[PDB]
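Just one chain is shown here, as structure tokens, and it is the form deposited without the DNA.
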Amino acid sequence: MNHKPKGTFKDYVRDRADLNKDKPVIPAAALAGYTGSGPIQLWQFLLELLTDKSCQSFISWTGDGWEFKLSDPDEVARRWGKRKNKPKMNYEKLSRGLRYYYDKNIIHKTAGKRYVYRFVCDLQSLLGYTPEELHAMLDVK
């Protein structure tokens, strides 16, 4: 409905694409649609970030199966808040959300480490991808 001194939407999309954004292997919205889970849930959002090459500086696979690390916990929480429109979201609430998945055997925390968790549900059968395959697509060593 209006233009800025510099940069159209086409430019915006191209610039983000060049930064490897907007192409997660496992988009949360699509995954929620596939499972009919309704509104996006935290574990699905984490999978989207983990399969989005542009997010590797703040959340990444460790290379061991479905183990991952929140390199920058605050940034993960900020993005979750933005996606769900929850401005009060912070690491505190994020971590509580992660601990909630323990009992449900969806995500577990790695002992002896900090900020390292692991999906423990059968994502291979759900997604159709092995961790090794995703690591390869995302250049994880």
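Quick note: we count residues from 1 along the sequence shown, nothing fancier.
Here the subject shifts to the form deposited with the DNA bound, a form of this protein not shown in this document.
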Heavy atom of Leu31 within 4.5 Å of the DNA in the deposited bound form: no
Hey, in the deposited bound form, is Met89 touching the DNA, heavy atoms inside 4.5 Å? yes
Taking heavy atoms and a 4.5 Å cut-off, does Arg99 contact the DNA in the deposited bound form? yes
Does the 4.5 Å heavy atom contact test between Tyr115 and the DNA in the deposited bound form come out positive? yes
Please state whether every one of the three residues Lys21, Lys23 and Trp66 places a non-hydrogen atom within 4.5 angstroms of the DNA in the deposited bound form. no
